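A.B. asks: here is my input; please provide its structure:
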Amino acid sequence: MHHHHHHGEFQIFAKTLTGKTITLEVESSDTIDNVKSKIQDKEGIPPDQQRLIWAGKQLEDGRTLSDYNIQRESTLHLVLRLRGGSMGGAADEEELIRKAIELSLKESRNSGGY
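C.D. replies: Residues are numbered from 1 along each chain as shown. Dropping the coordinates below:
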């Protein structure tokens, strides 16, 4: 029920596991489904095949942008899933989560160093 109007004055930045930078026009409260699909228009990749991991935690499809107060200048770490034959590389489908959290996200965990 996000109305039929349009006012994408606030954009965001998404970075795939491989490190691909993608910019999509979303809302401050945009939902994962909206974020994902929006990506499909950018990389074709279907939302059901796209996963979103942020802050060492996997974003649930029911999550919102305003949930964590995600501004516009945010790096949405996206991980491309793989249902077909395992690529047998760094990122596939499940290993893309633990690694997406240990590579560019671990920084947030490092803050726990006290």
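A.B. asks: output stretch 25-35 as PDB, nothing but the C-alphas.
C.D. replies: Taking Å, rounded to 0.1, in the frame of the first residue of the first chain, the C-alpha atoms of stretch 25-35 are listed here in PDB:
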ATOM      1  CA  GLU A  25      16.300   4.400  -6.400                       C
ATOM      2  CA  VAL A  26      14.400   3.200  -3.300                       C
ATOM      3  CA  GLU A  27      12.600   4.700  -0.300                       C
ATOM      4  CA  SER A  28      13.900   5.300   3.200                       C
ATOM      5  CA  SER A  29      11.500   2.600   4.300                       C
ATOM      6  CA  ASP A  30      11.700   0.400   1.200                       C
ATOM      7  CA  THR A  31      11.300  -3.300   1.800                       C
ATOM      8  CA  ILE A  32      13.600  -6.100   0.800                       C
ATOM      9  CA  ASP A  33      11.200  -7.400  -1.800                       C
ATOM     10  CA  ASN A  34      11.300  -3.900  -3.300                       C
ATOM     11  CA  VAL A  35      15.100  -3.600  -3.000                       C
END
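A.B. asks: need the residues that contact that stretch.
C.D. replies: Applying Cβ atoms under 8 Å, 6 or more residues apart in numbering, the contact partners of stretch 25-35 are 2, 8, 10-12, 14, 24, 38, 47, 52, 59-66, 70-72, 76. Every C-beta, even on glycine, is put in place using the N, C-alpha and C of the backbone.
A.B. asks: give me the subset of the residues you listed lying in strands.
C.D. replies: 11-12, 14, 24, 52, 76 (DSSP state E).
A.B. asks: biggest separation within these, which pair?
C.D. replies: 11 and 52 (16.2 Å; Cβ to Cβ).
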